[PDB]
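Quick setup: one chain, the form deposited in one PDB entry, written in structure tokens, and binding and motion questions come after.
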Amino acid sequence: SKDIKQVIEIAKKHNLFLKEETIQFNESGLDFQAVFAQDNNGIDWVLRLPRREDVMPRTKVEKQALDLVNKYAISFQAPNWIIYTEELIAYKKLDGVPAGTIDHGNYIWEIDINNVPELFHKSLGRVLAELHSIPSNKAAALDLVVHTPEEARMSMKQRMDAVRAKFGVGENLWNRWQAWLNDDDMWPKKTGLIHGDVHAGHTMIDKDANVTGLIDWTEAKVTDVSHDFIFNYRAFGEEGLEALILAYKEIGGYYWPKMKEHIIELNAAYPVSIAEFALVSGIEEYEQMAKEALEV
């Protein structure tokens, strides 16, 4: 195959020598095609073949976030792009498997959704508490979005007005959104470095369902940490949200009395993210997903 021979040559050009029979393709990918391959010392790698120009400006923020994680974090792994060029990005595969993969819509689960091991919530609590306390201020140059607690609140307020302008928002839903925005007690008084896209496809687990790593850091930023709890609530209901909040609080993560209620209101604002995604991607189902999510 030509594809295979191409993978081999781009790797070879970056001093990566692979077993040809181990090369698997993960279908593009507007930005890049993911390729998995084992080098000749037997080490599993992940390759990102770029499909757009300006790889460096487009990956700058994700790389800065990864540099912070690889410099500070010990409880979990993250991609370490030891090959980082316009022609190729490559990192040694993280240990474990995704807790679940998105259907190519629904999850194909690796854990028992009806009997979630408590170690998943315990280890994820430790992982996010460490992540969210990484000292991103100590970096000389950070191009991530950085919110104070009040900036994180206005950001949501503005993002909500913009979605209402392009799609409209159901009256009951909009009133809920506004009530949340206008409740001082609910909002966190501390922000932190977040992953931004925490879900089962990005949480690497070992055999015991300990979360051992996190992939795909494109949504990283310094803002409300609550975004990283939403998956537990969507996938596992109130029990899994509480279990995660409990472990995060007891290992030292920033906790506030209305944390659960705040995260649940952030969940009701998920149509904002779906609307925003439908806007910068043009994929037809997400417009219908957006419109139906907005109750319009």
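From 1 onward, residues are counted along the sequence shown. We call the rigid core the largest set of C-alpha positions that still match within 1.5 Å between the two forms. Only residues modelled in both forms are compared.
Only in words, not in the display: the form deposited in another entry, which the text now covers.
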property	result
Residue among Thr85, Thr148, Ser155, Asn175 with C-alpha shift of 2 Å or more between this form and the one not shown, core superposed	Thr85
Threshold 2 Å Cα movement between this form and the one not shown for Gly29, core superposed	yes
After fitting the core, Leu18 CA displacement of 2 Å or more between this form and the one not shown	yes
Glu261 C-alpha moves between this form and the one not shown by 2 Å or more, core aligned	no
Distance direction in that other deposited form for the C-alpha atoms of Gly29 and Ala235, relative to the displayed form (3 angstroms or more)	closer
Shared-residue segments moving between this form and the one not shown, Cα shift 2 Å or more over 3+ consecutive positions, core-fitted	1-35, 37-45, 47-60, 82-90, 138-141
